[PDB]
Every structure is written in C-alpha cells, then in structure tokens.
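Neighbour counts are summed over all protein chains in view; Cβ atoms, including those assigned to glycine, are modelled from backbone coordinates with ideal geometry. Basis: the model, the stated rules and, where named, an outside source; no laboratory read-out is quoted.
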Amino acid sequence: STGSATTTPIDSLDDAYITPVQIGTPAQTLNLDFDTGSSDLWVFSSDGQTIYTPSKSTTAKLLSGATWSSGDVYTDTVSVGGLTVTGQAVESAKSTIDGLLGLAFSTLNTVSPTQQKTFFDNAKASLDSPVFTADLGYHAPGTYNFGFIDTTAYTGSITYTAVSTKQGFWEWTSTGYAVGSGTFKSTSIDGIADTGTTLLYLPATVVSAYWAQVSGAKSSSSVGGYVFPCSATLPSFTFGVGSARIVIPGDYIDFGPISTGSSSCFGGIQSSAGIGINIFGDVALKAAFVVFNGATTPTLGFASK
Ligand SMILES: O=C(Cc1cccc2ccccc12)O[C@H]1CNC[C@@H]1OC(=O)Cc1cccc2ccccc12
C-alpha cells in the first residue's frame, strides 16, 4: 500500500503545515500537524478547531485505562492520503490546527501504561517500502508520501545519511555550512529533522556567522532571538548532507515583522543554545525533498528540488 496527502501552510509565513487525516467510521476529517519530532497522534475531541467525536464512530474503542501526557486514548481507523491503519491510537485532548500526527520513533510515545505506536510504525506492515517523504512548500502546498519515493519530485540524486535513534528522533549529523556565496565550512553539526518545528536552530557560532552578513541584524533578548531590518535582502544558507549540499534561499529565512507594521523582522535561523539540541525545522526541510527511511537500520535522505 501507499498514501499521498497534500500539506498546506496555515498562514502566510509557513508557521506550520496542516494535512487532512480521516479518523473513524464514517470518516471525520481533521487537519493535523505532521510532526517528525514527536510520536503521539492527538486530537481535540468531544475556539474554532474541528473535533473528533469517538461516540459517533462505529470503529472507535476506548483504550481502557490508557492516558497520555493528560487525556484519554481511543483506538480507531485512521487514513492518510488513501493509506489506512486500523487500531491506531488516537489520543483525546481538551485554530487551524486540529491536532498532531507524530512521526518520530515510537519510543517517544507518551501513552501509559501501554506505550503506543505511531501511524507510520503501524502502517509499515502494509507499505510497499518502509518509508515516508516530506516535500514541504515555501509559501505553497507540498506533499507527504507514505510507502514510495516520487522520483519526479526532486532533482539529482538522494543523499542518505546515518540516523541515531538513541533519543527517539530522526537525529543525524550535517557535514557543515556556508553563508551566502561564502566558503563552505566542514564541521559536524548533530541535529534532528523536525517537521513540527518552524525554524532552523543551530549552534550560536553558526548563527552569529550568518547574521553578521546582514546589515543591522542583532539578537534581541526583548524579542527572543535574531531580528533584522525589514529592508534587508537575506543571504542564502547552505547545509551539508554527506558530500552533498542543500541551499536554503534567503527569502525562506524571512519571518516578517516582529509586530504588525514594525520595521524589525524576525529571523528564520536562530540559536539552539538552551534547547539542548540543534533542530532542522521547516526552514531547512522545505528547501529539500526529505526521505524518512524506516527500514531496520533507519536513515535520512535529502535531495535538492
Ligand atoms: O513534542 C511536540 C508536540 C507539541 C506539543 C505542544 C504544542 C505543539 C505545537 C506544534 C507542534 C508540536 C507540539 O512538539 C515538539 C516536537 N516537534 C515540534 C516541537 O518541538 C519544538 O517546539 C522545538 C523544541 C523546543 C525545545 C526543546 C526541544 C527538544 C527536542 C525537540 C524539539 C524541541
């Protein structure tokens, strides 16, 4: 089996992406934020959000005694882009985002006392190939595919790189970076591929080197990160995947005025200092076609597009 679903930015800044997901029988369609940095499928259930009502689903069953963290848990039939999983744990929680669909490793799932599997892990027992791909758009819709690689969706070849599952994330090591037309610096940067995080969070050294190339940019403790004059044209940012390179255009790094009408704009590359981990969020991922390979030895692939 395979599935293919369109994912759409929730706003003009690409602050997050929502993907329609069918839950229950008859189907209830909820717009979920696909999050490769967490491992729970949770939904608002029975300020604008569409809710899941398990009492209206003939296939819903309470997963008795199970809670997540806190709310209850049901199992039900869940379909994404034509791909159906029966007995999926759907976690019930109390305005464009109707819930989350976690796609990190199931070891991060929060259900107690019986930990539950992600939609991807459950689907693996049917997929043509144990993979899913993220093809996020810049200020435009994109695609999540399950079970196949669309060879028309990228240019050149896919460079695969090793993944550590020790922390439950799609954790990998970038081989370096460049700012604009500058020289590429070969240096190992460990981080996670996280579709549920908006921005690119990298070590302070790297981030300072980037913003130093933008006249008037500075880190503002008041605002909570790097800001830059809205009048600026931003340089691109390149990250390494093995010997390959992914180029993030400067425009992808512009997150607009810090407050309505302000001439100070918020940067899309920020320091990870304090987070405890580097995060290749949407700003980075949307510059690439990204393969989440869930084979026995998981890996991550990146192609230009
Ligand atoms: O776990 C959740 C689920 C979740 C809960 C509540 C609201 C949410 C809203 C949107 C999406 C997911 C949500 O989201 C995490 C994983 N990916 C999105 C987000 O990470 C970052 O914020 C970033 C972040 C910061 C600090 C520490 C981190 C440690 C590991 C990984 C990410 C970290």
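Within segment 224-247, the residues that satisfy the criterion of being assigned to a loop (DSSP other than H, G, I, E, B) and within 24 Å of the chain's Cα centre (by Cα) are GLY224, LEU234, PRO235, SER236, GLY242, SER243.
Scanning segment 248-273 for residues that are within 19 Å of the chain's Cα centre (by Cα), hydrophobic (A, V, I, L, M, F, W, C) and buried (at least 22 other Cβ atoms within 10 Å of the Cβ) yields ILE248, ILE253, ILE269. In the set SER57, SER64, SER79, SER70, only one residue is polar (S, T, N, Q) and either within 16 Å of the ligand (Cβ to nearest atom) or not assigned by CATH to the domain that holds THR118 (or both); that residue is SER70. The residues of segment 212-223 that are small (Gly, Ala, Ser) and assigned to a loop (DSSP other than H, G, I, E, B), listed by number, are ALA212, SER215, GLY216, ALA217, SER221, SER222.
The set of residues in segment 81-131 being under 15 Å from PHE148 (Cα atoms), within 16 Å of the chain's Cα centre (by Cα) and buried (at least 24 other Cβ atoms within 10 Å of the Cβ) consists of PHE120 alone. If you filter segment 184-206 down to residues that are surrounded by fewer than 22 Cβ atoms within 10 Å (Cβ to Cβ) and away from the ligand (no atom under 16 Å from the Cβ), you find that the one that is nearest to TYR138 (Cα to Cα) is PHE184. Where strands (runs of 3 or more DSSP E) fall wholly inside segment 109-164, the ranges with 1 or more residues that are charged (D, E, K, R) and within 17 Å of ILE246 (Cβ to Cβ) are 131-135.
Only a single criterion out of (1) more than 16 Å from the ligand (Cβ to nearest atom); (2) outside any strand (DSSP E or B); (3) surrounded by fewer than 16 Cβ atoms within 10 Å (Cβ to Cβ); (4) of a type outside the set (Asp, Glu) is not satisfied by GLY276, namely (1).
Restricting segment 150-169 to residues that are closer than 23 Å to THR296 by Cα and crowded, with 19+ Cβ neighbours inside 10 Å, the residue that is nearest to the chain's Cα centre (by Cα) is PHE169.
When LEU100 is tested against (1) closer than 21 Å to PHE169 by Cα; (2) more than 15 Å from the ligand (Cβ to nearest atom), just one condition goes unmet, and that condition is (2).
Annotation note: Cβ proximity below 6 Å between a residue of segment 49-68 that is closer than 12 Å to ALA93 by Cα and a residue that is of a type in the set (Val, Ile, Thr) and not in a loop (DSSP other than H, G, I, E, B) (sequence gap 6+ or interchain) occurs for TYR52/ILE23; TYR52/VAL43. Can you find even one residue in segment 148-165 that is assigned by CATH to the domain that holds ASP282 and at positive phi? Yes.
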